[PDB]
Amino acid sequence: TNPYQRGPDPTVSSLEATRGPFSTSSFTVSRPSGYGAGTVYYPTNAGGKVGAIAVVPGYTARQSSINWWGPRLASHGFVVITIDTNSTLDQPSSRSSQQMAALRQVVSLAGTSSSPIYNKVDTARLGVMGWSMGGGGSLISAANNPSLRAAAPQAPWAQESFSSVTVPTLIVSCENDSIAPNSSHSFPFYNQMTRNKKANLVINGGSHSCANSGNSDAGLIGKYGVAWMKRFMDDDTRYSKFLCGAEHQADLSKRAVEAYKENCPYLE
């Protein structure tokens, strides 16, 4: 019996929906520690401690580009911190350092009795997401910290190799990306990672911003993001059917999916 399992049995319906089952709130970090600014999204009624996720944007970009993930994941039972970097012009290694510093402040606030997330966070269960250079930073965070339970980068941009990564990594890639082209970032990163559970969802027609706030594939992308995080943060095999099973197979017929790659099964 999984002590980390939270919320009702998932359906295609509930995963494609705008919100998960849990009531949500948020707050602005009063005094950011090692990063520019952050907003914390948390569930009020998950029925136990939840893992935590830090989401970083790309070059020139702010919280607004990626903060749709805040309520979307929080409502499925995660604490999510969306950050602004010290500078809009920070590169991947600095993005990764600021990501880890944000996770550190979430963990710290979860031990602060005055904090809304006081005692809500399993500080051993942490995840990383981010857009482009922030998604490169997510792959660097993973390679530097193998105790992280899940990575979900979108249209990642990096000049590194990730052959060493042992953290479970989904890449969301955009087909017509000219900023982080898949033939020199996403697809090499997927081929480099030989030591982990991984997947690569390629969104059909998508520009560089195909997975950002207000995107028109939020049903599909929201579903794979939540199911991945829920499978690897919470060891919740109830979500395996969406990643490796019959529900996953039904998704491949859709126009929105140019291609999907994985190394299923993900065994316990």
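Numbers follow the displayed sequence, beginning with 1.
Averaged over their C-alpha atoms, the temperature factors of 150 to 158 and 126 to 134 are higher for 150 to 158. Residues shown: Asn145, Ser186, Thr88, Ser75. Highest C-alpha temperature factor in the entry: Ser186. Taking only the listed residues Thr82, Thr194, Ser96, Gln105, the entry reports the highest CA temperature factor at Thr194.
The deposited CA B-factor of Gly245 belongs to the highest third of values across its chain. Annotation for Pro71: CA B-factor lies in the lowest third of the chain's modelled residues. Per the deposited record, the Cα B-factor of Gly34 falls in the lowest third when ranked against the other modelled residues of its chain. For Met100, the recorded CA temperature factor ranks within the lowest third of the chain's modelled residues.
In the PDB entry, a CA B factor belonging to the lowest third of its chain's modelled residues is recorded for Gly111.
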